[PDB]
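This document starts with one chain, in the form deposited in one PDB entry, laid out as structure tokens.
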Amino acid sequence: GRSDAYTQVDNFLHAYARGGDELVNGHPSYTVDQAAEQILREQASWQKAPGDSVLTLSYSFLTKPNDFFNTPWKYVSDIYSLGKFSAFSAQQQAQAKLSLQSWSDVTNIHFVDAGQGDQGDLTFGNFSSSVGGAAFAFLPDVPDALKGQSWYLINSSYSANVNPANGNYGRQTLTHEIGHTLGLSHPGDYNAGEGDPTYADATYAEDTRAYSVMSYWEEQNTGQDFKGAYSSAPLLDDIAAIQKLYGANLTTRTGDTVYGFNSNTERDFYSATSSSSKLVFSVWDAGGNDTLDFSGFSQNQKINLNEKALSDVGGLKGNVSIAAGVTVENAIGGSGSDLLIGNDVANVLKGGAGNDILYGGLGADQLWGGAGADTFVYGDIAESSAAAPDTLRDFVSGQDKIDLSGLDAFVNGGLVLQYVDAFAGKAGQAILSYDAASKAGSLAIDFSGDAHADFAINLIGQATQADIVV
């Protein structure tokens, strides 16, 4: 019967499920693609020059009020006065550039710094009189007099826009407003100032800040928990939406990249600096051998390398995700008892200290349990075929375990393992080998009964019959 380790893997593989025809929080559930279409419903975008595959947009920071600011009512019916104008401070300008960079990283847009003034396609400025929201922007389908503008509230009562920084609301606000200027709408038909919207007004269940920075709703609505942090950069559904609009950026981070601790991304939101770092990010990466390094955390973590999957990292829930179309190869756990789930390619998974559960999935994986009693789980023969077996790099008999309980043959076929020294043409025969000189071992199983191994696992260290579950 399926062990608890196998059950934990299965449960996490199906965590944060999306799609289908059942109600979730009183709303229909949408897949990433369905949500992306919803976010793009306005059908507004900047036009690329004929033939150009890359859209180039400039930006500038206003130094004085413009026509809209002076006479709002001539452009929008609801706004009569914006109060007093103020230019973006150095802090705001620096943070704005990081937000713009986070959008250009994922799609084919090149942002050009046009400096101080009103010459940029995109412009930024502050206002002091509350218009029912922290900031506002215009979608690209408005008159040239309003196109590309985003405005931010700064007054004695509201200070979130004064100090934007990685992980805070001010930084997410910049990313959110820039998203509007590029053509993205909120995931549902709601807006600050129009009635009194709540999550009950969302069109689909996944309209939360766990999936889109364009959402107004807390991540807890969908089961995630960022402990007060806010995503600084585009999330899973934002990436899907913007790429459908301007294309996927296939040159971003094409080298071997490390996310988390020891990051070489040069992106504040992808970097962990201490065991206290609250990470919230969705990985966009165009190539190379990449690694999710979460070695510096001591909390129990659940890491899933499959595209579109969410992971529970550094004490938060559903805070790390991998964008659709991205292949991340390796993952390193921390000192807690972690769950590491690989994907279809060859992965290097390292559990570190703690009693970890590792699941390589398809491909010939290199698995390191590290210190502690680790369990290497298998759910299908194909996951470690005789032709491309996994290698358990630091197996310690009596401590670690090889778990085969979830295989169909044992759960359903009622097969019983019979250890022998040579195959004789009988299903279920297994050969456990160990060369004490090289310290290399092996487990080979003939499930078909043709005297040819169908499943095999290479070992560095000895494994005994007592180390193999079911």
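We number the residues from 1 along the sequence you see. Shifts are known only where both forms have a C-alpha. The term rigid core refers to the maximal set of C-alpha atoms that superpose within 1.5 Å between the two forms.
In every other compared PDB entry of this protein that covers both flanking sides, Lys48 is modelled, so it falls short of the one-third threshold for missing coordinates. Checked against the other entries of this protein, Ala436 counts as unresolved in at least one third of those spanning it. The mean C-alpha temperature factor is higher for 51-59 when 31-39 and 51-59 are set side by side. Of the two segments examined, 311-319 and 73-81, it is 73-81 that shows the higher average Cα temperature factor in the deposited entry. If you compare the C-alpha temperature factors of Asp196, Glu218, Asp268, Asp105 in the entry, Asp196 comes out highest.
Taking only the listed residues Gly372, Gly115, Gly336, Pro234, the entry reports the highest CA temperature factor at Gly115.
Ranked by Cα temperature factor within the chain, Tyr158 sits in the highest third according to the deposited record. Compared with the other modelled residues of the chain, the Cα B-factor recorded for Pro164 ranks in the middle third. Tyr190 sits in the highest third of its chain by CA B factor, as recorded in the PDB entry. In this PDB entry, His110 carries a Cα temperature factor that places it within the middle third of its chain's modelled residues. The entry lists a Cα temperature factor for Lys147 that places it in the highest third of the chain's modelled residues.
There is another form of the same protein, the form deposited in another entry; it is not shown, and what comes next is about it.
Comparing C-alpha positions between this form and the one not shown after a rigid core fit, one residue in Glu37, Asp52, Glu42, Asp408 moves 2 angstroms or more. It is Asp52. Remark: with the core as the superposition reference, the CA shift of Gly115 between this form and the one not shown stays below 2 Å. Core-superposed comparison between this form and the one not shown: the CA of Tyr169 stays below a 2 Å shift. After superposing the rigid core, the C-alpha of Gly398 moves by less than 2 Å between this form and the one not shown.
Relative to the displayed conformation, the Cα-Cα distance from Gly193 to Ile39 shrinks by 3 Å or more in the other form. Listed in sequence order, the shifted runs between this form and the one not shown are 49-53, 190-194, counting only residues present in both forms whose C-alphas move 2 Å or more over at least three consecutive positions once the core is aligned.
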